[PDB]
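J.: Residue numbers (the entry's author numbering): 1 to 148.
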């Protein structure tokens, strides 16, 4: 699981609360993304009804603030390529000795990321050294995906 800042939430209440209700302190869907569009993100048109249905469901007719943000990261987990790498390397980074070969990563990071290129690899390679064995590991390389 990835950690998040508590001050961005101060950004999360800036919007939700602008639409804040008198009851449990909830809001609707059309204007909730205005909470999602504020941090530098944006939600889908059909998901506001379903994922919000996971937190705005209980029989109120709207969305509350507490769990609406907890699910917010699941949405950034919907467009997160870094959450997929940990998953892929189990297919390419275990061909023997346990350290993935320098030639697989470019096929791995590229396998998860559509925008992410080989230059992403060659950029992290310089730090990996690669020379001597010609290959690299998972804890040293992909770990640079979590750091960079």
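The C-beta atom is built at its ideal place from N, Cα and C for all residues, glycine as well.
If you draw a straight line from the alpha carbon of residue 137 to that of residue 21, how long is it in whole angstroms?
T.: Here the question's residue 137 lines up with position 137 in the chain shown. Here the question's residue 21 lines up with position 21 in the chain shown. Rounded to whole angstroms, residue 137 to residue 21 spans 52 angstroms at the Cα level.
J.: Under the assumption that residue 35 contacts residue 15 (Cβ atoms under 8 angstroms), give the Cβ distance between them as a whole number of angstroms.
T.: The count along the chain shown starts at 1 and reaches residue 35 at position 35. The count along the chain shown starts at 1 and reaches residue 15 at position 15. Correct: roughly 4 angstroms between the Cβ atoms.
J.: What beta strand (DSSP E) runs, 3 residues minimum, are completely inside the region 32 to 81?
T.: none
J.: Helix, strand or coil, according to DSSP, for residue 110 in the structure here?
T.: Translated into the one-based positions of the chain shown, residue 110 becomes position 110. It is helical.
J.: Between 33, 54, 144 and 145, which has its C-alpha nearest residue 44's C-alpha?
T.: Stepping through the chain shown from its first residue, residue 44 is reached at position 44. The option with the nearest alpha carbon to residue 44 is 33.
J.: Using the C-alpha atoms, what's the distance from residue 132 back to residue 104?
T.: On the chain shown, position 104 is the one that residue 104 refers to. On the chain shown, position 132 is the one that residue 132 refers to. Using only the alpha carbons, I get a separation of about 17 angstroms.
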